[PDB]
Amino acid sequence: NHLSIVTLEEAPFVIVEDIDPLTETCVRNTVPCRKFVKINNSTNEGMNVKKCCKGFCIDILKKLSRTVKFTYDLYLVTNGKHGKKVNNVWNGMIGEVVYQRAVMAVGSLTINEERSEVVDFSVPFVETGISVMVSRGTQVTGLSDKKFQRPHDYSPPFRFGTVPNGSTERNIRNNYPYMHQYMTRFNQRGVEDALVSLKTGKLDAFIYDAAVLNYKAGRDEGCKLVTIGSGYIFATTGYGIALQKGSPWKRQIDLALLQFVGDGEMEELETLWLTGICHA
């Protein structure tokens, strides 16, 4: 009854480190996690590489394993990231669950309606949504600011973007086509790229998952970043653990999460991994 569980690196929720080759054992607050890695860029031939995983979501998984009394084989997703339907097929962590390669998915995984059609989710345990990060000093009200609505009213035309394939991009693409097609010229490879662009005056605003942006603003070195809610209340949600549609384990996973919330364990984890120092 070893459970196959998929995850994905995104600090501080999931952080991946190398194993000690002397022992090949994960130690401290880490747990073993493997990744299938290709031999070359020609075919899908590959081998699994042992790594170690830690972070807020890993600590949640550890608590769940302890409380619900299961063991698991944790692996990192190799095709896609969080989850997107591409060419009519779900990839990422969502895909691993949909096609029953994983019983659960644990990480910075946003609950939404489209995903809920094909997987079940636990109760949310981290609040999230769409937020906007800017350099401290920049003034925006949220995504309805004229700077976002009419970017060519500004010099240079207002520069804002997100990271492709996340639920944030999907929420914009599905509802505001002009905004989406304007934004794509400012696509960011990841959060770290975007933060550098903001701090060096090469980008005006970065639109992304709120939980991660709140975290990054909270401990930016120099406290040079500000996050504000998009105001897209329709997108307010949370991270959840994804399970198979109709999973018999949602009941017990939820009970455990609710136990942790009630007894202060969740509060302790938030203090340990998420709380910031930068005043807003």
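Start at 1 with the first residue shown and count on from there.
Enquirer: On mean C-alpha B-factor from the PDB entry, just flag whether 102-110 or 155-163 is the higher one.
Expert: Per the PDB record, 155-163.
Enquirer: Could you settle it for me: does 212-220 or 43-51 have the higher average Cα B factor in the PDB entry?
Expert: Taking the mean B-factor of the alpha carbons in each, 43-51 is higher.
Enquirer: Could you say which of 255, 26, 68, 243 has its CA atom at the highest B factor, as listed in the PDB entry?
Expert: Within the set 255, 26, 68, 243, 26 shows the top C-alpha B-factor.
Enquirer: Per the entry's Cα B factor values, which of 124, 129, 177, 80 stands out as the maximum?
Expert: Each of 124, 129, 177, 80 was compared by C-alpha B-factor; the highest is 80.
Enquirer: What third of the chain does residue 92 rank in for C-alpha temperature factor, lowest, middle or highest?
Expert: Bottom third by C-alpha B-factor.
Enquirer: Lowest, middle or highest third of the chain for the C-alpha temperature factor of residue 169?
Expert: Answer is lowest: the recorded C-alpha B-factor places it there.
Enquirer: Going by what the PDB entry lists, where does residue 11 fall on CA B-factor within its chain: lowest, middle or highest third?
Expert: Within its chain, residue 11 is a middle-third residue by C-alpha B-factor, going by the deposited values.
Enquirer: Taking only the Cα B-factors deposited for this chain, tell me whether residue 228 sits in the lowest, middle or highest third.
Expert: According to the entry, residue 228 has a C-alpha B-factor in the chain's highest third.
Enquirer: Relative to the other modelled residues in the chain, which third contains the C-alpha temperature factor of residue 73: lowest, middle or highest?
Expert: As the PDB entry reports it, the C-alpha B-factor of residue 73 lands in the middle third of its chain.
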